[PDB]
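Colleague: no FASTA, just this:
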């Protein structure tokens, strides 16, 4: 007999103060996270960071998130060499079965973009597909990479997508696939999605689109899309199209969901290795997905707040950071937010 | 910063009313952006609860509890049980300007508030035969166990020890000792988990206290080790305390004595109240203030005379407060 | 992965043949079970008995049922002395969390009863209440028996009862209690039942009745009752009232349900120690609850069948067994069933 005190599946909390996991990670990670810290204590938000740093201590990230249930992170770096270690961004997700990635591509007022007024969401599956990481070399020079697609993992993401679309009043959900060629793999994906968007979630418009043609429409006529559901790879691709469409990787909020845990990271997924320590970086991405996390753990008075802050800051011409067309540093941009914030 | 916060104030019985006031004065003299919603009371312990449910945070003294048969019952525990503020933290750290028999002592006692021998279930079967039922449950126990470790991790405490009597109450205290050590091994592996039998713990505490770091106990053993610790460092007037639930937090003295006998005499020592008052600031994020006004009282009492009666001084609550506000006005 | 091949949770079955557990148990148990065996192979029913016999090997009964999921049993005997072992009828149920007992009190055509045309069901909770078996002697001569009642176990039986009433088109469900005296214990029981018969199962008539007054109506005016839900003790009491009302313990079908397992036994719960080996016993009880088991594991063409057999047999005067008013032996009664059956 165990209900009211079974809370032990909820986000670490004591006397109102959450304990959230913080994983700065590589590249502009460390700076872009700090921006959030500063805006957080300057707004005196009741959360305490348990913050971790790292080769295989990706264990300690997992173990932490398992205690706290909630996390805020940047991106880790990834070797391309043969004796390199392997994502460990995916490791984190796979080990926590945080199977759903949401990226938010909504254009911002003070930013010059080639096609304006754009609002689309890309939900991708995190643990499966071409990210299954099964590969072998039969004879020298011949390599097979196995791409797994399973009904259970696919029904899961399918429902998450529709549930998400319902919750945030999204009218259309489109499955991106290559089912005309990989008739079993992507086929299964396209069916299961359209199949369970018809017998459940009948209020929502379900459709399919072939990944290559999807890529073309996305670049040429993006307004026709609302929500896109994709397997691991197509989501990286459509993701980056969307990232560009709205200004760049610095403006994209992101979040990852499992059944028990939730980890919030930038929606664009770029490390910024080249500009590490230069204080040139743009924290809009990190902050905005940071607000997504507040809405999640129920705060969101703060979230509604500090999002308007950054939204207005960047719409308001100069004082904005390098990549948007300004000349301010990460430091300066942060402080304009905390400033605008101090007068609300 | 910018904005105001509304904290609950429950002065309570005994030196409560004076010891709270000390904090009020130090607070407005430091112009701290908090407004007290202050309540006074037989069964309006309801209004305390209802208040804390709105404000989420509170600062309180102790209420008095009868020992007679038709007396009302703690209602210090009632407050906690009704808010499920299940975790009590008491901080026994010796202070510079205070003569103690064993010096340089720093230990913490975390006790469970809602269960154990404080479950208040008892009956008289036939006349002259009384049974008091002591409840111990896995859920409430896993909860406190994690709170303790989480706490130890957060405040860089290396050792956590479970106090029990599991050799005799093999199911009750047994369950407690297991669940603690059990989940200090598969989670929180960085921390040193151990057990100690309550009676032997009591002996070490009095004779060789430095061997302890953090102690986790059920309701009763915490009252006992608590008072050992209280004595060890000077007295009930030097001990900061706090109570935690998932949603609420109520800060009170860590020693838990009413001081009924010296009510209204202005002889009382507010170190306890103030220091746990600083705990509350750190909590609601202020803590520039906290870091501040703690150094104030710490230095004040280290600095010989002008300190209050029980520490070895001759000053009144009033005078001690003003030395703090004075030292504070020069920072 | 999972779904199709999985199903390690249905009843043991190999190429069309169920493997059911058989626990003859004490008293007329051994004879009354045999009656069923004979009628079963004479009807060539595709089930194979795994049959067990036994002081603490009540373990082996549990372990068996955990494999097969389904069982058919008589009653074991229980000591009244102080160093006696303890029910182990309840042990079986508690260890399998077969928490729901159903007894079927429906009068039979060829049987003289004081009040005729009677059809009521008694559902009792098996694992809790006064069957919780917690007791201690504080000082010599003073004994406390603790009676546990918990919301979870109670919500469970409450829904089982309503679900059952809905499934078998029963219109009324009544909670038997002593809530006027044991305001917490039986109080909780009465509330939880009526409470969740109002916000779920609104089509069914929920009501309460005090156990003593229930006992009086049951004996004097039983037709007013439809389904009765009770804690462990009141169910033993109302049970035996119902048993008498319809003829005796030999006419009552019974079944026990848990979430995963199901054990079928006589609904009246008497061992018949005194007439063991005399071949005088009446197997109607055993057989009828045996038919309940068939309906369960889906057979039930057989069940519908072999129930009509025994129903007609006993309605048809002589050739019926001793306790109903006949002069036939268990053996003879069985063979009349198998005979009537051979001509259907």
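Modeller: Okay, I see it. Residues are numbered from 1 along each chain as shown, chains lettered A, B, ... in the order given.
Colleague: Enumerate every residue touching residue A:237.
Modeller: Shown in contact with residue A:237 (C-beta atoms under 8 Å, 6 or more residues apart in numbering or on different chains): A:211, A:215. Any C-beta I mention is one placed from the backbone N, CA and C, and that applies to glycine too.
Colleague: let's see it at 7 Å
Modeller: Residue A:237 is in contact with residue A:215, counting by C-beta atoms under 7 Å, 6 or more residues apart in numbering or on different chains.
Colleague: Kindly report the same for residue A:171.
Modeller: A:204, A:205, A:226.
Colleague: Which PyMOL command selects the buried ones in those?
Modeller: Buried residues among the contacts of residue A:171 (16 or more other C-beta atoms under 10 Å in any protein chain shown), as a PyMOL selection:
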select buried, chain A and resi 204+226
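Colleague: Please enumerate the strands of the stretch 151-300 of chain A.
Modeller: Assigned by DSSP state E, counting those that start in this stretch, the strands in the stretch 151-300 of chain A fall at A:172-177, A:205-210, A:227-230, A:253-257, A:262-264.
Colleague: residues making contact with the host helix or strand of residue A:91?
Modeller: Assigned by DSSP states H and E, residue A:91 belongs to helix A:90-96. Helix A:90-96 is contacted from outside by A:58, A:61, A:62, A:65, A:126, A:127, A:131, A:256, A:258, A:261, using C-beta under 7 Å, 6+ apart.
Colleague: Please see if stretch A:5-16 touches chain C.
Modeller: No. Stretch A:5-16 does not reach chain C (C-beta under 7 Å from any C-beta of the partner chain); its nearest approach is 11.6 Å.
Colleague: in that stretch, what counts as buried?
Modeller: A:5, A:11, A:12, A:13, A:14, A:15, A:16.
Colleague: if you look at it, does any of it touch chain B?
Modeller: Yes. Interface with chain B: stretch A:5-16 contributes A:5, A:6, A:7, A:8, A:13, A:14, A:15, A:16 (C-beta under 7 Å from any C-beta).
Colleague: Identify whichever of the strands of the stretch 151-300 of chain A lies nearest to residue A:155.
Modeller: Closest to residue A:155 of the strands of the stretch 151-300 of chain A is strand A:227-230 (C-beta to C-beta; 12.0 Å).
Colleague: Point out the other elements, helices or strands, that the closest one touches.
Modeller: If contacts are counted by 3 or more C-beta pairs under 7 Å, 6 or more residues apart in numbering or on different chains; DSSP states H and E, strand A:227-230 sits against strand A:119-125, helix A:151-167, strand A:172-177.
Colleague: Okay, buried residues for stretch A:94-111 please.
Modeller: Those would be A:94-105, A:107-108, A:110-111, for stretch A:94-111 by 16+ other C-beta under 10 Å.
Colleague: What of stretch A:161-172?
Modeller: Buried-residue list, stretch A:161-172, by 16+ other C-beta under 10 Å: A:161, A:162, A:164, A:165, A:170.
Colleague: Tell me the one of those nearest residue C:338?
Modeller: Among the buried residues of stretch A:161-172, residue A:162 lies closest to residue C:338 (C-beta to C-beta), at 58.1 Å.
Colleague: rewinding a little: and the contacts of helix A:90-96, which of them are in helices?
Modeller: The helices, defined by DSSP state H, take in A:58, A:61, A:62, A:65 from the contacts of helix A:90-96.
Colleague: Quick one: those residues as JSON lines, columns for distance to residue C:333 too.
Modeller: Below are the ones in helices among the contacts of helix A:90-96 laid out as JSON lines (distance: C-beta to C-beta, whole Å):
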{"residue": "A:58", "distance to residue C:333": "73"}
{"residue": "A:61", "distance to residue C:333": "72"}
{"residue": "A:62", "distance to residue C:333": "67"}
{"residue": "A:65", "distance to residue C:333": "68"}
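Colleague: between these, which has the most around it?
Modeller: Most neighbours among the ones in helices among the contacts of helix A:90-96, by other C-beta atoms under 10 Å in any protein chain shown: residue A:65, with 26 neighbours.
Colleague: Surely that one is in contact with residue A:261?
Modeller: Yes. Using C-beta atoms under 7 Å, residue A:65 is in contact with residue A:261, at 5.6 Å.
Colleague: Nearest to chain C among the ones in helices among the contacts of helix A:90-96?
Modeller: Using C-beta to the nearest C-beta, the shortest approach to chain C within those belongs to residue A:62, at 22.3 Å.
Colleague: Who are the contact partners of that closest one?
Modeller: A:92, A:95, A:96.
Colleague: got it, and residue A:317?
Modeller: Counting by C-beta under 7 Å, 6+ apart, residue A:317 has contacts residue A:110.
Colleague: For it, what are phi and psi?
Modeller: Main-chain dihedrals, residue A:317, degrees, to the nearest 10: phi 20, psi -140.
Colleague: tally of neighbours for residue A:194?
Modeller: 17.
Colleague: Would you mind measuring from it to chain B?
Modeller: Distance, residue A:194 to chain B, using C-beta to the nearest C-beta, to the nearest Å: 42 Å.
Colleague: Quick check: the gap between the residue lying closest to that residue once chain neighbours are set aside and residue A:190.
Modeller: Spatial nearest neighbour of residue A:194, chain neighbours left out: residue A:206 (5.1 Å); criterion: C-beta to C-beta, 6 or more residues apart in numbering or on different chains. From residue A:206 across to residue A:190, the span is 10 Å (C-beta to C-beta, to the nearest Å).
Colleague: Equivalent analysis for residue A:95, please.
Modeller: Taking C-beta to C-beta, one finds residue A:95 at 28 Å from residue A:190.
Colleague: hmm, back to that, I'd assumed residue A:173 was in contact with the residue nearest to residue A:194.
Modeller: Yes. Under the criterion of C-beta under 7 Å, residue A:206 is in contact with residue A:173, at a separation of 5.5 Å.
Colleague: Mind listing the shared neighbours of those two?
Modeller: Joint contacts of residue A:206 and residue A:173 (C-beta under 7 Å, 6+ apart) are residue A:197.
Colleague: Among those two, which residue is more densely surrounded?
Modeller: residue A:173 (25 against 21).
Colleague: quick one, what contacts that one?
Modeller: Residue A:173 neighbours (C-beta under 7 Å, 6+ apart): A:161, A:162, A:165, A:197, A:204, A:205, A:206, A:227, A:229.
Colleague: now with 10 Å?
Modeller: For residue A:173, the contact set (C-beta atoms under 10 Å, 6 or more residues apart in numbering or on different chains) comprises A:121, A:123, A:158, A:161-162, A:164-166, A:193-194, A:197, A:201, A:204-207, A:226-229.
Colleague: Pull the contacting residues for the one residue in the stretch 151-300 of chain A that gets nearest to chain C.
Modeller: For the stretch 151-300 of chain A and chain C, the shortest gap (C-beta to the nearest C-beta) falls at residue A:152, measuring 6.6 Å. Neighbouring residues of residue A:152 by C-beta under 10 Å, 6+ apart: A:128, A:192, C:1, C:2, C:3.
Colleague: tell me the SS of the last one?
Modeller: I take that to be residue C:3. Secondary structure, DSSP: H, G, I helix; E, B strand; the rest coil: residue C:3 is coil.
Colleague: is it true that it touches residue A:151?
Modeller: Yes. The criterion here is C-beta atoms under 10 Å, and residue C:3 meets it with residue A:151 at 8.1 Å.
Colleague: for chain C, what are the nearby residues on the stretch 201-344 of chain A?
Modeller: With the criterion set to C-beta under 10 Å from any C-beta of the partner chain, the stretch 201-344 of chain A never comes near chain C.
Colleague: Identify the bridge partners of the spatially most central residue of chain A.
Modeller: For chain A, residue A:254 is the residue whose C-alpha lies nearest the centre (C-alpha atoms, centre = their mean; 2.6 Å). Here residue A:254 shows beta-bridge partners residue A:103, assigned using DSSP bridges.
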